[PDB]
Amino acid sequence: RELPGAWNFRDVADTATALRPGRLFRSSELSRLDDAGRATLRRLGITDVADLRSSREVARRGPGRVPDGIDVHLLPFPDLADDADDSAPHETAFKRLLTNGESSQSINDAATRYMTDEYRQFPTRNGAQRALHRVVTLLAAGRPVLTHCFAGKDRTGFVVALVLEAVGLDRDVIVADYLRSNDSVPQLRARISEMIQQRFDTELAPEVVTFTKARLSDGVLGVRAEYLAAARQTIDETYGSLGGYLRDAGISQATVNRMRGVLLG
């Protein structure tokens, strides 16, 4: 099951078999969705898209190329305010990942540090709870939803895993679906490489192209159970339970119980 023009696409029920098929989907960005990809979204009955990319990402790579009749909910994560102080932490963390030195071990140690520390902050970050609130509300209402970001692996992974835990699925099932993102690493690598080739002059700055590709092609493209567990520990420590977290995000147990009624076989 492919989604032409996009990658890392699956019906979450493909691995989480307790779920009804056709309710909750996940993918990469839909910036390059082609005719066949659009026909697929329609065939599957998907009515709503949750676009988790920051507004900066959407501006630079474009809106989802969805067919008519599909509402795209823009659900930026992080949701950044005219405020350089707001974006600074994100820019600084990315710069450190890139510019921390040449060995694969050091490059991948930096990727592990970056990813882990960002996941730890996922629950408390502006935009994550609004994203989760909308996705849960749409799902509880019986609407088939496709949730995505850029890679569809971390931000998307976090939102999906919380939805699955909310409807009562076990850890091994949630983690299995989460790790499925690793099957798309080579494709992600190619997408990012093509992006590097266009944002940089490959003739006049080939050293920068080479340096950058070396930090955006290996360990940093995967997911690991420890990443998700770090977000999940934040939820535990600060909110005391997933239910406590969902309530702070404005979602009641009654809405959760309705979503469970809808999503489970």
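Note that residue numbering follows the sequence shown and begins at 1.
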According to the PDB entry, how many deposited residues between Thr124 and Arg125 are absent from the model (none, 1 to 3, 4 to 9, 10 or more)? none
Going by the PDB record, how many residues of the deposited sequence fall between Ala81 and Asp82 without any coordinates: none, 1 to 3, 4 to 9, or 10 or more? 1 to 3
State which stretch shows the higher mean Cα B factor in the entry: 151 to 159 or 108 to 116. 108 to 116
Taking the mean of the C-alpha B-factors per stretch from the entry, tell me the winner out of 9 to 17 and 243 to 251. 9 to 17
The residue of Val66, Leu221, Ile235, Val58 with the maximal C-alpha B-factor according to the PDB record is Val66
From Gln129, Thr92, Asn100, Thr137, which pick has the Cα B-factor that tops the rest in the entry? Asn100
Among the modelled residues of its chain, the C-alpha B-factor of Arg32 falls in the third labelled highest
According to the PDB entry, is the CA B factor of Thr212 in the bottom, middle or top third of its chain, that is, lowest, middle or highest? middle
Chain thirds by Cα B factor, record data; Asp51 belongs to the lowest
So where's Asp177 on the chain's Cα temperature factor ranking, which third? lowest
Sorting the chain's modelled residues by C-alpha B-factor and splitting them into thirds places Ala88 in the highest
